[PDB]
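Right, one structure below, let's go through it.
Cβ coordinates were reconstructed from backbone atoms using ideal geometry, including for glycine residues, and neighbour counts include every protein chain displayed. Just so it is clear, none of the values below were taken in a lab; they were calculated from the coordinates.
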Amino acid sequence: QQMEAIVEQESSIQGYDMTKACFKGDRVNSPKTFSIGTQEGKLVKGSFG
Amino acid sequence: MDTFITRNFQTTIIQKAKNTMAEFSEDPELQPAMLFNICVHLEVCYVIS
Amino acid sequence: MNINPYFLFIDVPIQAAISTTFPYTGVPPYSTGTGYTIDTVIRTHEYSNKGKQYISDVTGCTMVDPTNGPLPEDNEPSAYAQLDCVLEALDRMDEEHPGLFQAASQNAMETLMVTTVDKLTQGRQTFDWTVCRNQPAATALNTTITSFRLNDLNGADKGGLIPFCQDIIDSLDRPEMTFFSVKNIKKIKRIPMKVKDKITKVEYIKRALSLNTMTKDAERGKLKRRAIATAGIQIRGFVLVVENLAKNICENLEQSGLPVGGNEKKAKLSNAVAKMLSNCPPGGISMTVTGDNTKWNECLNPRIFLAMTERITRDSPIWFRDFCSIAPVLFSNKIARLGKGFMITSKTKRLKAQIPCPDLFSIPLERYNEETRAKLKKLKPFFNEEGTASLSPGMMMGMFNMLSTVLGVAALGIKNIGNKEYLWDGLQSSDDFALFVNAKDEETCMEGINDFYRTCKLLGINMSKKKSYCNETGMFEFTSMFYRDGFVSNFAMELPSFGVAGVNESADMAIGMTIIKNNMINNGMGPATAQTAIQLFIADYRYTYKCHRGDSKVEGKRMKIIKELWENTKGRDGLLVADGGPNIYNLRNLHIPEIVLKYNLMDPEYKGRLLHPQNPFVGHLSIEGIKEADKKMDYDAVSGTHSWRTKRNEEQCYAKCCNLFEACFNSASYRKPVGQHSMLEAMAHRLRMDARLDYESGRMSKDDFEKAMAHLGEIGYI
Amino acid sequence: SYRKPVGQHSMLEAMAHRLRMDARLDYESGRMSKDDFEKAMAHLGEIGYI
Amino acid sequence: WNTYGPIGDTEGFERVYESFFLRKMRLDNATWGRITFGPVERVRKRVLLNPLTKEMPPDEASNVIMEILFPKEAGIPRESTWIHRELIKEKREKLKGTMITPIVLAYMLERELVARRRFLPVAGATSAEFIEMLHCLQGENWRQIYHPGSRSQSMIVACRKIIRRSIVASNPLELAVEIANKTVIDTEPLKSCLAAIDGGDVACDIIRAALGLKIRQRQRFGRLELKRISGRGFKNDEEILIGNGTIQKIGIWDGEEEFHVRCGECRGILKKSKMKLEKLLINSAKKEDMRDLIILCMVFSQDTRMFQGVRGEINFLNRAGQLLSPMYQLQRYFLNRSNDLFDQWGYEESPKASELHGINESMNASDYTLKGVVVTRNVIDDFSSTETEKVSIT
Amino acid sequence: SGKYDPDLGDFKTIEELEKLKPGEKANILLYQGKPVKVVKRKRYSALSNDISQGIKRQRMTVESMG
Amino acid sequence: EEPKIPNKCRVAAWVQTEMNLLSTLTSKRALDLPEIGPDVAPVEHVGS
Amino acid sequence: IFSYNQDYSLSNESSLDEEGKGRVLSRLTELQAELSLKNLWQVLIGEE
Amino acid sequence: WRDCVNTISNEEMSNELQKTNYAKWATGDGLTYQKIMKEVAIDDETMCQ
């Protein structure tokens, strides 16, 4: 559900469907990355999956 | 009761009954059974005539 | 690297990912309730201990009256409601609306004169005094009707609720009270029989006023347990009438969140916030108070509700005014039953024993735990000898939801105090209120908030300063629905609804798919989520009924027969998921029952067998639930072999009389019959006509006719 | 539909003339009192085309 | 049994479950289109979840069901079987030759006749055919194109004609009801589609009031549907000079008030004080509807500016040739000449904010809006508690 | 019209009811039982028409007297 | 019997390691779901 | 005089034909049945 | 066709349809494919000539 909402929000921005873009990315949009963890006080990103 | 009177009786008969009640200073709302009786009386009279 | 789920909120707003915060997937908390009930009584009396303490001379139980009591001098909860202020709020509401009170009272009276006694059979479990337990509403009403017949009480046979309430009020005066009680006689076996028991007037009054208690275990999002109270049948009629009146009044009030439910409530919420945003002055601030009231029923005196009922019916017949004022009177003198009692054990002897409540004080208090020691030392003054607590002040949760909401809306609608440069308005619904205060700056906004808090404290309402907060308009929460910048996320809490409905195969499937489609419509469940929900539901549905795909190598009793059917029939796309058929449901066709969906794909033999006009698995008496799935949810199914029913887990008198009447007049099962004559004569006439028609058609033999007519004459109808 | 003194007239000049005529008509028909009339001419005087 | 055993009759399902197979037919022959992933504006509306063969009130539905599938126990047919005689005979013939338990057929007929309505968020079409598939068509941030596999205009015209015929005479109510219950649309009196739809045009509401039916209690002023929110307005007579120079004695509402206002596809909130409009919030729906809403709310508010904006004359009548009250005369004058009070109303700076944006006199989404008017880029949902309160008919 | 009136003996079905010529008397059961006596109709009725004509006559009388 | 209150403990270390380990890909897959009907509308194609 | 139980008293039996009495009685019986279905029959109280 | 005849039989000088609903939905004017950026098509595998 939540991830669906996330993807839908992205789709609201630009018209086409991004489920391939958020997961793996495409030639026009970089893969979507969240903030997932940390190490030595340095937060680390993480893929959509 | 007034809902039944509205459903089962025409607006004309209801108006005649209300006028008759007003002539007698009797409130139709406070005596819905009497209003129904007067409406039935008018309806049966019209049906006879 | 150390993972951290909370970091998701760094890249996402909390409201967007609010669904993940709630742990609505684990085991909900579940439970003796006597401790909680005693604590609730203790708190209820503590909040109003400064009131006027007297002794009821009708029942002998201590009573505490907080109304018109000392004005609180501390933030602690206060039940000291001033009657004049309540009447002022009611008068302001009346002025702000065109004769709303009169219209609501008249409509309540009209629908009351049309209501039947059997409406009391609805609802939940109810306290039964003939056994002093909790029994289903229907059984409790039937037992009280039966008992009343012995003491020269009638009106239930007279139909309408007016005679039933009249003879209920009469029953409180009979010098005795006879009824039937269950006697578990030893014979070793314990056989239950009916024993004609009698009780005095005081005992009957106490029984009628007693409120049974139970633990609210089903709660999901609260660590500490609350006790829910069930009332007797002698209060159900009056409470129902007052609740209907309050619903009529509050429905028009735009400030009331009840009784509208679903997208209507979201519409009201968004409309209200938009209205307040529009009404703001230039450069002023409209602050929203997210409020979550606590002790919402331990501070509301039933006397205030009596005053509200009298003021609401200012212009109405005296008889109706007296009738609708009985419920506040019964609640103002209520008594609370006390669970099943504490349990004392010795570990040096491996011994344990539960102590019934009547014996609470038969033991030296030095043996209970210190906490229960203090609880009993504080409960002693109000403890009845029979084992009940005298609980006059306050209310138990769930009784006057509509009336309490109306009082809250009355508090909201004052809209000003002292002509100060601000205004306020909001939404209130049964212990959850969201307020909006418009002013020219934050300081005046909180001046208004404080004024509203003080005004609430003048009616027994005490907003929780710990569970509430304030912010700028455009971001708040109401009844677990979150609003932020126009986005109202329906907090995804309908997840625990994808299990099989447990009524039968076809009906369970229809209910599940309709639930999925309704969730898609309402909660914004995405298409991928709906497809995965279909997948999971089909998995659970196949597992629960032991019917997987016929091709699959799973073993089972019915699975062997499903395998047989898989190749015994050519058309393999028409079988049902209950017959190991392939799933066909998708988003586009969740609104179509599958039987009609697969009708083309079936085989003539298969559809003939499954859709037989007569099925031993389908019975007429099983049709009761074909309309509404127990909330009454409408579902669409199809008659077939999979429309069966599960085995079961003056009773026989009424049951078989009704069953026989239905079997005679098949139209009765659908619409209410009409007639001013005894059931026996109607059945006799119908059966005589049916016998004559059966013979004339050759369906009955002559000896059969003569036997039937002899029986009918013996009945005394020929 | 067409009340524009077109022909290279500066749009500000055309607006000034249009508002002057509108105020005149409003006062003549009575839509505005003498106070509003004088206030409008004051502002129109401040414009530069009056 | 599903594998072997007795083989039944397949005929009954062709017609008995007609509604379900019609649903399947509408799904199968439907044509799909593109998907628009952009945000979708949705309004909460009272919509009929499923199409109905012939919408009727619950009591008439039950009586019809009994008259269909319960030949016995049919004492004294009421004034409802003659209206639905065609439905009675059609369903009777269709269901004859079956062996299903009668209760199943009764419940299915109840579904097929009794209406089911709910509040739903909708955007676009609203017929039950589209509502059936609303779960797929709509979407918070996605929309799909769908085309599923009349009497209304006729009833509007008939009700208007009846109103015009009856008004000109004395005692209009009796004549109007006589014509209404003596009228017919190709198979049935007018109490077959009036009783079907909820509310409708003002003429239909007036006729329903003259007949026996329930009408939504929204206040109709011209085209505006008004729902009071708060405040009480004291209607007191007052002598006011009109912009034309004439002086009229009419009723004015002392005190502050607020109303939810609807007109066609335009919704809004209006807050007005005596002799002045204070605030108006609207959503962008349609230029024609927005202009109608603005002008009608202007006339209703009885703002002194509206009176001072009159320039022509007020002596109009109706098709029946009657002189109306000055309020409706002003309504007609302003609607005929929309650019009369708009020019002299006065302008107000644009609603500087995240979403609140203005609208000019030409109805274009242009800044420098009208004094008071505001257009919010949000959804205004109004008209709750449709109590259908008791209403009398003069 | 009338009550049970057992002179006809037992009740008769709709199919046997149709056999009776217009103006006859028959013994039937109304709703769930309720024996009654009925008379076959010789016409088709319209209560609305009757009420409307009665109102028309009433107002004609009122106007004529006025 | 006196009520038995839960112990007041401290932050462990196994919870974090399990949180990390259960959230990593493995060559082994167990979660399987039943099939659904063919998807003919574009919306259900996107959903698939 | 007509009653709700399908009986009547007429000063003259020729004043009304069979159809008129039958129709009035049918209307009265329908009213009675509808009232009973709405439970207004018992609540209803006559002209005395 | 009904809309066309209604427009023809009206009084306004213009010959413009006002009930665009059936006109739009009848000629398949809403079923046209939506053009997307070439990059997505290159990335996408289901887009074939």
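Against the empirical 2.2 N^0.38 Å scaling, what ratio does the C-alpha Rg of segment C:1-97 come to? Display every interim value, and only then the final one.
Details: Rg = 23.8 Å, N = 97, 2.2 N^0.38 = 12.5 Å.
My calculation over the Cα atoms of segment C:1-97 gives 1.90.
Along the charge dipole of the protein assembly as shown, Cβ charges K/R +1 and D/E -1, which of D:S10, C:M683, C:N419 sits furthest on the positive end?
C:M683
Over the Cα atoms, compute the radius of gyration (one decimal) and Dmax (the largest Cα-Cα distance, rounded to a whole number) for chain H, in Å.
Both quantities, over Cα of chain H: 12.4, 36 Å.
Stokes-Einstein D for the protein assembly as shown at 37 °C, 0.692 mPa s, Kirkwood Rh over Cα pairs, in µm²/s? Working shown, then result.
Values: Rh = 37.8 Å.
Result for D is 87 µm²/s.
Among all the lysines, which ones have a C-alpha under 22 Å from C:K187's C-alpha, if same-chain residues fewer than 8 places away are not counted?
Within the straight-line limit of under 22 Å, C:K187 reaches these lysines: C:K196.
Need one number: the % of Cα-Cα pairs in chain C sitting beyond the 46 Å mark. Could you put the intermediate results ahead of the total?
Numbers: 93872 of 257403 pairs.
Counting pairs separated by more than 46 Å, the tail of P(r) holds 36 percent.
Distance in nm between label sites at C:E443 and E:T126, each 7 Å beyond Cα in the beta-carbon direction?
Result: 4.9 nm between the two label points.
Report, in cubic angstrom per residue, the convex hull volume of the C-alpha atoms of segment E:204-324. Walk me through the numbers on the way to the answer.
Details: hull volume 17.5 nm³, N = 121.
Per-residue hull volume (Cα only) is 145 Å³.
Can you return the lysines within cross-link range of C:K194? Criterion is Cα-Cα under 25 Å, with same-chain partners fewer than 8 residues away left out.
Within the straight-line limit of under 25 Å, C:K194 reaches these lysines: C:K183, C:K186, C:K206, C:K340, C:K656.
May I ask you to evaluate 6.51 cos²θ - 1.76 cosθ + 1.60, the Karplus curve with θ = phi - 60°, for each residue of segment C:467-481 and list the ³J(HN,Hα) values in order in whole Hz, giving x for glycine and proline?
9, 10, 8, 9, 7, 7, 4, x, 7, 6, 9, 9, 6, 6, 10
Which of rounded, prolate, oblate describes segment E:1-149, given a ≥ b ≥ c as roots of the alpha-carbon gyration tensor eigenvalues and a/c under 1.5 marking rounded, otherwise prolate only if a/b is larger than b/c?
Numbers: a/c = 3.01, a/b = 1.58, b/c = 1.90.
The shape class here is oblate.
Just add up the charged neighbours of C:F487: K/R +1, D/E -1, any other residue whose Cβ is under 14 Å from the Cβ of C:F487.
On the way: positive: C:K266, C:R484, E:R42, E:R377; negative: A:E8, C:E477, C:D485, E:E41, E:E140, E:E355.
So the surrounding residues net to -2.
Give the whole-number value, in cubic angstrom per residue, of the convex hull volume spanned by the C-alpha atoms of segment F:2-66. Spell out each step's value before the answer.
On the way: hull volume 9.2 nm³, N = 65.
Normalising the Cα hull of segment F:2-66 by residue number yields 141 Å³.
Let me confirm one metric for peptide F:42-54, namely the mean number of other chain beta-carbon atoms within 10 Å of its residues' beta-carbons.
Details: counts 3, 2, 1, 8, 4, 10, 9, 3, 6, 12, 10, 3, 9.
For this peptide, the per-residue mean of nearby foreign Cβ atoms is 6.
Grab every C-alpha pair in segment C:546-668, bin the distances at 10 angstrom width from 0 up to the longest one, and report whole percents.
Histogram of Cα-Cα distances, whole percents per bin: 11, 31, 34, 15, 8, 0.
Consider all pairwise Cα distances in segment C:40-148 and report the whole-number % of them above 19 Å. Don't jump to the answer; show the numbers that get you there.
Values: 4167 of 5886 pairs.
Cα-Cα pairs of segment C:40-148 separated by over 19 Å account for 71 percent.
Just the ratio, please: alpha-carbon radius of gyration of chain B over 2.2 N^0.38 Å, N its number of residues.
Details: Rg = 10.1 Å, N = 49, 2.2 N^0.38 = 9.7 Å.
Scaled against compact globular proteins, the figure is 1.04.
Sorted from largest down, what three extents in whole angstroms do the Cα atoms of segment C:407-562 have along their principal axes?
Per principal axis, max minus min of the Cα coordinates gives 81, 31, 24 Å.
Name the residues whose placed amide hydrogens come within less than 5 Å of the amide hydrogen of C:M700, ignoring near sequence neighbours (fewer than 5 apart) on the same chain.
Here C:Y695 satisfy the definition.
Mind giving me the FRET efficiency for C:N471 and C:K50? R0 is 41 Å, r the Cβ-Cβ distance, nearest 0.05 is fine.
Details: r = 35 Å, r/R0 = 0.86.
The formula returns an efficiency of 0.70 here.
Hey, rough spin-label estimate for D:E13 and C:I363, points 7 angstrom out along Cα→Cβ, what's it come to in nanometres?
Once both label points are built, they end up 10.6 nm from each other.
Filter the trypsin sites (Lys or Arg not before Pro) in segment C:74-181 down to the DSSP loop ones having no more than 16 other Cβ atoms within 10 Å, then list what survives. Don't jump to the answer; show the numbers that get you there.
Working: sites: C:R92, C:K119, C:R124, C:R133, C:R149, C:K158; in loops: C:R124, C:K158.
Passing both the DSSP loop test and the Cβ count: C:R124, C:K158.
Amide H neighbours of C:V674 under 5 Å, counting only residues 5+ apart in sequence or on other chains, H built in-plane at 1.01 Å?
Correct list: F:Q32.
Measuring from a point 7 Å past the Cα of E:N236 along Cα-to-C-beta, which residues in segment C:90-117 have an amide N at less than 12 Å?
Under 12 Å, as judged by backbone N against the label point of E:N236, lies no residue of segment C:90-117.
Grab the other residues whose beta carbon is less than 13 angstrom from that of C:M700, score K and R as +1, D and E as -1, and report the net.
Numbers: positive: C:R688, C:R692, C:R699, C:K702, C:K707; negative: C:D690, C:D694, C:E696, C:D703, C:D704, C:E706.
Spelling it out: positives minus negatives among the neighbours equals -1.
What shape does segment E:282-394 have by the C-alpha gyration tensor, where a ≥ b ≥ c are the square roots of the eigenvalues, rounded means a/c under 1.5, and otherwise prolate means a/b greater than b/c and oblate the rest? Walk me through the numbers on the way to the answer.
Working: a/c = 2.47, a/b = 1.25, b/c = 1.97.
Verdict is oblate for segment E:282-394.
Run down the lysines and flag those whose C-alpha is under 25 Å from the C-alpha of F:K56, throwing out any fewer than 8 positions away in its chain.
Within the straight-line limit of under 25 Å, F:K56 reaches these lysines: B:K16, B:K18, E:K161, E:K182, E:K191, H:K21.
So which GluC sites (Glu not before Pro) in chain B pass both tests, a DSSP loop state and at most 15 other Cβ atoms within 10 Å of the Cβ? Working shown, then result.
Details: sites: B:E23, B:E26, B:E29, B:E43; in loops: B:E26, B:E29.
The qualifying sites are B:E26, B:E29.
Looking at the P(r) of chain E, how many percent of alpha-carbon pairs lie beyond 33 Å?
That tail contains 47 percent of the Cα-Cα pairs.
What is the distance in Å between the Cα centres of segment E:149-179 and segment C:58-84?
That distance is 62 Å.
I'd like the orientation of helix A:2-13 relative to chain A: the angle between its Cα long axis and the longest Cα principal axis, in ° from 0 to 90, rounded to 10.
It is inclined by approximately 60 degrees.
Per residue, how big is the convex hull around the C-alpha atoms of segment C:359-424? Give it to me in cubic angstrom, could you? Intermediate values should be presented prior to the final figure.
Working: hull volume 11.2 nm³, N = 66.
Spread over its residues, the Cα hull of segment C:359-424 gives 169 Å³ apiece.
Net charge near E:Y328, counting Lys/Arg +1 and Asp/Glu -1 over other residues with Cβ under 14 Å of its Cβ?
On the way: positive: E:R220, E:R223, E:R319, E:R332; negative: none.
Residues close to E:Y328 contribute a combined charge of +4.
Is there a pair in C:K222/C:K275; C:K268/E:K279; C:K222/C:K268; D:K4/E:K287; E:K54/E:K96; C:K598/E:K96 whose C-alpha atoms are over 29 Å apart, and which pairs would that be?
Working: C:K222/C:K275 33 Å; C:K268/E:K279 20 Å; C:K222/C:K268 27 Å; D:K4/E:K287 26 Å; E:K54/E:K96 20 Å; C:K598/E:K96 25 Å.
The answer is C:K222/C:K275.
Counting DSSP beta bridges in the protein assembly as shown, what percent are antiparallel, to the nearest 5?
Working: 113 of 121 bridges.
Just about 95 percent of them are antiparallel.
Debye sum, Cα scatterers, chain A, no solvent: what log₁₀ I/I(0) at q = 0.12 1/Å?
Normalising to I(0) and taking log10 leaves -0.30.
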